Amino acid sequence: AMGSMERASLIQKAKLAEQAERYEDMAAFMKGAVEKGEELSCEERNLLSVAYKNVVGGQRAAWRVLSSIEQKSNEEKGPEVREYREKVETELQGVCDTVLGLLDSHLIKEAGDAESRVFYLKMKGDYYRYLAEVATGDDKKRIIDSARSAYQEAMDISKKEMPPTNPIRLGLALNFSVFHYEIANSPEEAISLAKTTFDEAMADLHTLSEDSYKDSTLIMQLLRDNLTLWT
Amino acid sequence: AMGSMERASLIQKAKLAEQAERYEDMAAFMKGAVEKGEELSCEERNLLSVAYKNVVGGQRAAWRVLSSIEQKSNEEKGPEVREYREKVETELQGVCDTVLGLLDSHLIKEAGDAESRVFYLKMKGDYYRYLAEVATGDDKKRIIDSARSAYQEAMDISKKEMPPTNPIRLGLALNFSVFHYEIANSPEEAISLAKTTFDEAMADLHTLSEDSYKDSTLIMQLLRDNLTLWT
Amino acid sequence: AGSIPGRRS
Amino acid sequence: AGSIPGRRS
Ligand SMILES: *Cc1ccc(S(=O)(=O)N2c3ccccc3CC[C@H]2C)cc1
Ligand SMILES: *Cc1ccc(S(=O)(=O)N2c3ccccc3CC[C@H]2C)cc1
Ligand SMILES: [Ca+2]
Ligand SMILES: [Ca+2]
Ligand SMILES: [Ca+2]
Ligand SMILES: [Ca+2]
Ligand SMILES: [Ca+2]
Ligand SMILES: [Ca+2]
Ligand SMILES: [Cl-]
Ligand SMILES: [Cl-]
Ligand SMILES: [Cl-]
Ligand SMILES: [Cl-]
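Chain order of the listed sequences is A, A', P and P'. A prime marks a further copy of an entry chain. Taking the deposited numbering, I'd label the letters of the first sequence as residues -3 to 70, 75 to 231. Taking the deposited numbering, I'd label the letters of the second sequence as residues -3 to 70, 75 to 231. In terms of the deposited numbering, the third sequence is numbered consecutively and its last residue is 51. In terms of the deposited numbering, the fourth sequence is numbered consecutively and its last residue is 51.
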């Protein structure tokens, strides 16, 4: 759809869309940029993630509202609540499938540096996790396993190639811990992962500049917030 | 597009969409409901207004962000900011045209009671006002006049048929005052209208129940907030 | 200046 | 529980 627009113009318009809080547009611009076939820079990977995370985040919030109404209804309200929850769910699945398709064609396979590869495998884990949040059919177990496998490959690379304070490594651990707690029914694994991540980052803060320290400690506090919620 | 869904199901889904903060869906459901051809109840008129006011309100906010960036750029940023502002502007115009088309086919012509007719003519004034906010071509004056004329007809009916505390009459006066200040370059008319509206409502509050009082005073405070801003 | 909101809030 | 945000804020 964006095939006739220059890559650089798509990137510029994605930045404008973010400033205007037009995240659906932002995602469409970034999909067009990825489809140009060139690798993405660090900044461009963040535009891609911000756009889709905000789109799917709104769908998730709406799905949860509708799913709560539907569960309470189960006086006869008719088929409408279930139909509308299904509509939002199908839309959400479609966005996740689109993101997974960009990662598979061909972002992950060309990503050789640890920072890019970990970033994309973390995203893959996240969008399978969002599919798992709404899954109930014969493929639920396979969707959960696909998230697990992507996060695990990202973790293995991150532990070999990045310091324990690296923000991508920290955010990956944060999200994989949420996977364990909320999806995999493994709260102890979630707590263990968050605490070991936090403690190993703490012990490496001394190596960091003021700005890197600020970034790492911000994510450490997110880990701590979850640990406080879970314990 | 909604032609195969029951009227009652469209109304129910519009209410669910509002709860889920899915205002584009809400507007599509309400467009489908209007297109069934039956008049709308008070509650249904509010669903229609809420849906489109939230959709166009988001477009307006994005247009303003983009128009501010574009004015500052006028280093050469290339055509992208103007192109993207134009894209959002065209979308906004399309939504306004859709709303105006529902009012013209055939909500206004079948609305005989003062409450319904004033409500729809106020909406007509509002969506021409939103078109006027972005207008710059040969039709700008005619768009401003179309807003004026709709608001004026609504005002004339409201003053004959509704008490001065009626919330629709008050909201109409509020919006027409904003038209005078922001669109018509008539700040004195805006101030006069807001103050006379406020004072005439104040003098009628004694007739109202506690709940009607709460409604009328809420809109009176919006009038007062604008008067404080403008004086 | 503010115009009328869609809901009371 | 919270996951990573898209931006620092
Ligand atoms: C999964 C992930 C993605 C991006 C980053 S980040 O370092 O680019 N960054 C960030 C830095 C510091 C604290 C939080 C964040 C999240 C937003 C982005 C901009 C980290 C992890
Ligand atoms: C233009 C207009 C539209 C609707 C109303 S209202 O009375 O239905 N109402 C309201 C009541 C009290 C205070 C503010 C409002 C605005 C939202 C709606 C629900 C009034 C004016
Ligand atoms: Ca090119
Ligand atoms: Ca009953
Ligand atoms: Ca490469
Ligand atoms: Ca029918
Ligand atoms: Ca220069
Ligand atoms: Ca009638
Ligand atoms: Cl539906
Ligand atoms: Cl554009
Ligand atoms: Cl309300
Ligand atoms: Cl940031």
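We put the beta carbon where it would ideally sit given N, CA and C, even for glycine.
Quick check: the segment 171 to 183 of chain A against the segment 142 to 150 of chain A, are there 3 or more CB pairs under 8 angstroms?
Yes: the two stretches touch, three or more of their Cβ pairs being nearer than 8 angstroms.
Taking the alpha carbon of A:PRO79 as the point to measure from, which residue in A':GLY112, A':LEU12, A':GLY137, A':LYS68 has its own alpha carbon closest?
In the first sequence, the residue the question calls residue 79 of chain A occupies position 79. It is A':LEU12 whose Cα lies nearest to the Cα of A:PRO79.
Quick one: Cα of P:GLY48 to Cα of A:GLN67, how far?
As a first step, residue 48 of chain P must be located in the third sequence, where it is residue number 6. As a first step, residue 67 of chain A must be located in the first sequence, where it is residue number 71. Taking the straight line joining both Cα atoms gives about 28 angstroms.
Name the two residues that bound the continuous alpha helix (DSSP H) containing A:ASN70.
Against the first sequence, residue 70 of chain A aligns to sequence position 74. Run containing A:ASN70: none; DSSP gives neither H nor E here.
Measure the Cβ-Cβ separation of A':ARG56 and A':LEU103 and say whether it is below 8 angstroms.
As a position in the second sequence, residue 56 of chain A' is number 60, starting the count at 1. As a position in the second sequence, residue 103 of chain A' is number 103, starting the count at 1. In this structure, A':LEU103 does not lie closer than 8 angstroms to A':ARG56 by Cβ.
Are there three or more Cβ pairs, one per stretch, closer than 8 angstroms when the segment 205 to 217 of chain A' is compared with the segment 179 to 189 of chain A'?
No: fewer than three Cβ pairs fall under 8 angstroms.
Restricting to runs no shorter than 4 residues, where is the alpha helix (DSSP H) found entirely within the segment 90 to 148 of chain A?
Runs of the alpha helix (DSSP H) inside the segment 90 to 148 of chain A: 114 to 134.
At a CB distance below 7 angstroms, what residues from the segment 7 to 19 of chain A approach chain A'? Give them in sequence order.
Against chain A' - using a Cβ distance shorter than 7 angstroms - the residues of the segment 7 to 19 of chain A are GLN8, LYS9, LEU12, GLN15, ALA16, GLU17, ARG18.
On the CB-based measure, 16 or more other CB atoms within 10 Å of its CB, does A':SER105 come out buried or exposed?
Counting from one through the second sequence, the residue named residue 105 of chain A' turns up at place 105. The residue is exposed, with fewer than 16 neighbouring Cβ atoms inside 10 Å.
What residue range does the alpha helix (DSSP H) around A':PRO167 cover?
By 1-based counting over the second sequence, the position of residue 167 of chain A' is 167. A':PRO167 -> alpha helix (DSSP H) spans 167 to 182.
Which residues in the same chain as A':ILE143 place their Cβ atom closer than 8 angstroms to its Cβ, once the five residues preceding and following it in sequence are excluded?
As a working mapping, residue 143 of chain A' is identified with position 143 in the second sequence. Closer than 8 angstroms at the Cβ level, and outside the excluded window around A':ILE143, lie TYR128, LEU131, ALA132, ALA135.
For the 8 angstroms Cβ check, are there 3 or more pairs between the segment 87 to 101 of chain A' and the segment 27 to 35 of chain A?
Short answer: they don't touch.
Does residue 71 of chain A have its Cβ less than 8 angstroms from a Cβ in chain A'?
Chain A lacks coordinates between 70 and 75, the interval that contains residue 71 of chain A.
Taking 7 angstroms as the line, does the beta carbon of A':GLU35 fall inside it for any heavy atom of ligand 8?
Within the second sequence, residue 35 of chain A' is the residue found at index 39, counting from 1. Yes, the beta carbon of A':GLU35 sits closer than 7 angstroms to at least one heavy atom of ligand 8.
Does the beta carbon of A:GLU110 fall short of 7 angstroms from some heavy atom of ligand 5?
As a working mapping, residue 110 of chain A is identified with position 110 in the first sequence. True, at least one ligand heavy atom lies under 7 angstroms from that Cβ.
Quick check on the contact list: which residues have their beta carbon closer than 5 angstroms to a heavy atom of ligand 12?
Going along the chain, the residues that qualify are P':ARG49, P':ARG50.
Is any heavy atom in ligand 1 found nearer than 7 angstroms to the beta carbon of A:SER45?
Against the first sequence, residue 45 of chain A aligns to sequence position 49. Indeed, a heavy atom of ligand 1 lies less than 7 angstroms from the Cβ.
Would you say A:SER63 faces chain A', with C-beta separation under 8 angstroms as the test?
For the purposes of this step, residue 63 of chain A is taken as the residue at position 67 of the first sequence. Taking Cβ atoms only, chain A' never reaches closer than 8 angstroms to A:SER63, which makes this a no.
Cβ atoms of A':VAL88 and A':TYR48: under 8 angstroms apart, would you say?
Within the second sequence, numbered from 1, the residue matching residue 48 of chain A' stands at position 52. Within the second sequence, numbered from 1, the residue matching residue 88 of chain A' stands at position 88. No, they are not a contact pair.
What is the DSSP secondary structure of A':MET26, counted as helix, strand or coil?
Reading the second sequence from its first residue, position 30 is the one you call residue 26 of chain A'. Helix, per DSSP.
Using the C-alpha atoms, what's the distance from A:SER63 back to A:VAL81?
What you label residue 81 of chain A is simply residue 81 of the first sequence in a count that begins at 1. What you label residue 63 of chain A is simply residue 67 of the first sequence in a count that begins at 1. Their backbone Cα atoms lie some 8 angstroms apart in a straight line.
For chain A', is any of its Cβ atoms less than 8 angstroms away from the one on A:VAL134?
Start at 1 with the first residue of the first sequence, and residue 134 of chain A comes out as number 134. Closer than 8 angstroms: no.
Against chain P', which members of the segment 159 to 183 of chain A pass a CB distance test of less than 7 angstroms?
The segment 159 to 183 of chain A vs chain P', Cβ under 7 angstroms: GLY171, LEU174, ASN175, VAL178, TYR181, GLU182.
State yes or no: is the C-beta of A:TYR84 nearer than 7 angstroms to some heavy atom of ligand 9?
Within the first sequence, numbered from 1, the residue matching residue 84 of chain A stands at position 84. Correct: A:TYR84 has its Cβ closer than 7 angstroms to ligand 9.
So, with DSSP's three-state summary, where would you put A':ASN185?
Here residue 185 of chain A' refers to the residue found at position 185 of the second sequence. A':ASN185 falls in the coil class under three-state DSSP.
For A:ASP126, which of A:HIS180, A:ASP139, A:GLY112 has the nearest alpha-carbon?
Walking along the first sequence from the start, residue 126 of chain A turns up at place 126. Closest option to A:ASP126, Cα to Cα, is A:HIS180.
Contact criterion: CB-CB distance below 8 angstroms. Does A':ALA58 meet it with respect to chain A?
Counting from 1 along the second sequence, the entry for residue 58 of chain A' is found at position 62. A':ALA58 counts as touching chain A.
Using a threshold of 7 angstroms, is the CB atom of A':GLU80 nearer than that to any non-hydrogen atom of ligand 3?
Counting from one through the second sequence, the residue named residue 80 of chain A' turns up at place 80. No.
A:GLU31: beta carbon under 7 angstroms from a heavy atom of ligand 3?
Along the first sequence, one-based indexing puts residue 31 of chain A at 35. A:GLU31: no, Cβ never under 7 angstroms from ligand 3.
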